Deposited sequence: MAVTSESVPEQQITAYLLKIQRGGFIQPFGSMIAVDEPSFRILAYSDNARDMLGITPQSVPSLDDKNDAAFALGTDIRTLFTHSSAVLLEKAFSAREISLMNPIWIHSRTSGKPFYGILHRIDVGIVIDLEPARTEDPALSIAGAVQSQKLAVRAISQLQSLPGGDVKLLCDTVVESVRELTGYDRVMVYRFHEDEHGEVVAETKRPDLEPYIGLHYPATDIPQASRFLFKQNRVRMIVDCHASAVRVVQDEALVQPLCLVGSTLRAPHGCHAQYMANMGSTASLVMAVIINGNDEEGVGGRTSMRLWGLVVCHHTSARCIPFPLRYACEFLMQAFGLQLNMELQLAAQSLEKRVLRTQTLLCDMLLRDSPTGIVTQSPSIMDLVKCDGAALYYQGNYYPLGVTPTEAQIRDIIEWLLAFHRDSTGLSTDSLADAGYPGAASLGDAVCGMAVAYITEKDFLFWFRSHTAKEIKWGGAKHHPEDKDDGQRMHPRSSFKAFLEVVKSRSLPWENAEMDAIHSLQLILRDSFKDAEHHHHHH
């Protein structure tokens, strides 16, 4: 199917800082515990009810978790072990077979006084985030990392945006000062498999408290169909590849949280936190930050919204311009009079060739150069109503590709077989700091690949003759001008 996907879904292992016990909902008898249960809760049982193991108060709270409308709301429930007195945050969620109970020990009265302190810091931070004049995504991510770091204490926190490749880039970071900085570093789209990404869409915050710690096995009675869904569990164990990936990166413990937007929801980026030591932050702080991530996502959705607004606003003006040019008398006026085809679309140059004569503007090829590009175009591309590329080299055109570092991106529109419209752009500098590896599109997640990369040193890639890419908006502008000009030239043809 999809690589890794339920090797993680029903992994059958959890982390060492608490333990997960799944239970039938009307039996209240255990379908599954973990072999670290009976000691750290303070002792054992199997196929047993759970109200047995601590205060009848705690049973009041769990039965009232079970008949809640909306299980999700009562978390974090709080329990106290009869055999020990030990306090644990209980965190529940309903799955197929039943309900899952994650139990995280609380810290050792003295630090709940600071736990609430950082929860009020969390509201203050969400309101600070909403009190922000839009139109500045850099400022957004900066304030997000600063307040997540001051909330959680992690040594490194950053925002990691996904590119259309689903390869990612550290786009803002604040760190303990001694650590090497990962700002600017792009990483390969395969470091996070599409399985793990689409799975972040449902579960939105993951902590791992120590990678060098030995995971604990599940107990499942053998009657049950298979290892159950452990996606929802706070203390899920991590896949081995990502564990050694951490170890190699120098990140002992990490907190990493989705950043989501809703059109049917997609994953914009992550917020990722690194501790060089082991860190376990209590579930309240986790929940609060998840709200802060929600606010992140929504102020981003506002930035997107106004992107789209202003885009359609400039679409409107290129249509004022389309009319304006339908009014010029002769094709040459496309280039002749005030608003020319070099203003249709962001250009370095542009040109029209119509009937054996050359009408160019901006940075352009020669007459001989142009006719060679057209000889190539018709020789190979006779079936596509034009084309667009950001490197005539990479495209496959030999010749002026060599003779052009001032002309490297090209878009062209077939009017008829005889004559064409052209827009050109020069090379312009992209340097990319790759963090150990370049992203290879042809690579895609391999399920039984068991080992990760070894290094992460920066290295400059330099793309050496690329134009900025033609976006669909500029392509739409061109294509529609193409259509109206075919219409118009045969209107004139048949009038005369």
Exercise. Deposited sequence versus model: which ranges have no CA atoms?
Worked result: 1 to 12, 56 to 70, 136 to 138, 294 to 303, 537 to 539
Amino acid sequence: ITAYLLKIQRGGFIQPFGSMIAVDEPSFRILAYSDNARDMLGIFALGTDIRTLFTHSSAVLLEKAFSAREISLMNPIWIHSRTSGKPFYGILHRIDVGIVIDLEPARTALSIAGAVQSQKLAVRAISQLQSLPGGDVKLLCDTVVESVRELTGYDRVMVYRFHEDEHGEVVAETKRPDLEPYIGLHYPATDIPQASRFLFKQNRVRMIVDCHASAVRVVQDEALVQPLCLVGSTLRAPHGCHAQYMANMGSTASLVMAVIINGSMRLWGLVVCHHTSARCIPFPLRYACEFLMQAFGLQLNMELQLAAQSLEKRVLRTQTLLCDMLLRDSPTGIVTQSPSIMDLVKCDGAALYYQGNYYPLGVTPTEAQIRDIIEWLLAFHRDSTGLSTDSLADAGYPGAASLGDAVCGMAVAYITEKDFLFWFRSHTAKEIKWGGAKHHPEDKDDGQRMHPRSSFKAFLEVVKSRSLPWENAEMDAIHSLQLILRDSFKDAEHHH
From here on, numbers count along this sequence of modelled residues.
Problem set entry | Higher-scoring stretch by recorded Cα B factor average, 183 to 191 or 375 to 383 | 375 to 383
Seminar exercise, completed: With B-factors read from the PDB entry, the higher C-alpha mean of 337 to 345 and 84 to 92 is in 84 to 92
Exercise. Which listed residue, 122, 300, 171, 79, has the largest C-alpha temperature factor in the record?
Worked result: 79
Exercise. For the listed 26, 452, 469, 441, which has the peak Cα B-factor recorded in the PDB entry?
Worked result: 26
Seminar exercise, completed: Tertile call for residue 165 (CA temperature factor, within chain, third-based) is the middle
For this session: Please place residue 423 in the lowest, middle or highest third of its chain by C-alpha B factor as given in the entry.
Result: lowest
Seminar exercise, completed: Tertile call for residue 461 (CA temperature factor, within chain, third-based) is the lowest
Exercise. Residue 68: which third of its chain by C-alpha temperature factor?
Worked result: middle
For this session: Determine, from the deposited record, the chain-internal third of the Cα B-factor for residue 206: lowest, middle or highest.
Result: lowest
